[PDB]
């Protein structure tokens, strides 16, 4: 209740209108600023105590961004579209040493989003659910964050069973990409931690801050 899909969609439309790995890290730092503004546009998110807002964003920033550039890449042939406006083809990513993860992104996320034609409203609700992760360690009131998560998918299901009546399994099919997003979110994080360790691959301040402790 009090979690309209319209406010969520607006949040999605409001924020978004040589080494392939470097370009990706730069695009990630860039989007981290936009991610905060986005979250602020999510209903009741700003009513949470600052500390809890920090925990939620630091907990899902990686999954929230991977989902976004994937959906944006639905029109791309064999690759993804970066916020910076650059394309990263599968062959290019492969020649950089991150072909395994890249393929998982195209196969488990991009392709699947394209086949069911996930709309922006559906994307938004999914990211909102990811944002409202009640399992986040440190939350001063997990039950509260839990309450918001349920309100989000309550609106999403209503949206689906109203926009796509012919597809009664669309709602479940949307939630069934979260496990893959969690898995891919974790692998990507491993890569970032390795890149930081090695030294090569420039990492900006905000992206760098996210790789802090915990």
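Residue numbers count along the first chain shown, from 1.
Colleague: Residue 17: absent from a third or more of the other PDB entries compared?
Modeller: Result for residue 17: often missing, at least a third of the compared entries.
Colleague: Are any deposited residues left out of the model between residue 199 and residue 200, and how many (none, 1 to 3, 4 to 9, 10 or more)?
Modeller: According to the record, the chain runs unbroken from residue 199 to residue 200.
Colleague: Taking the recorded C-alpha temperature factors, which stretch has the higher mean, 72-80 or 103-111?
Modeller: Comparing 72-80 with 103-111, the higher mean C-alpha B-factor belongs to 72-80.
Colleague: Could you check which stretch, 42-50 or 173-181, carries the larger mean CA temperature factor in the entry?
Modeller: It is 42-50.
Colleague: Residue 129's Cα B-factor: lowest, middle or highest third of the chain?
Modeller: It falls in the bottom third of the chain.
Colleague: Rank-wise, by C-alpha B-factor, drop residue 164 into the lowest, middle or highest third of its chain.
Modeller: Highest third.
Colleague: Grab the CA temperature factor for residue 210 from the record and place it in the lowest, middle or highest third of its chain.
Modeller: As the PDB entry reports it, the C-alpha B-factor of residue 210 lands in the middle third of its chain.
Colleague: By its CA B factor, does residue 18 count among the lowest, middle or highest third of the modelled residues in the chain?
Modeller: As the PDB entry reports it, the C-alpha B-factor of residue 18 lands in the highest third of its chain.
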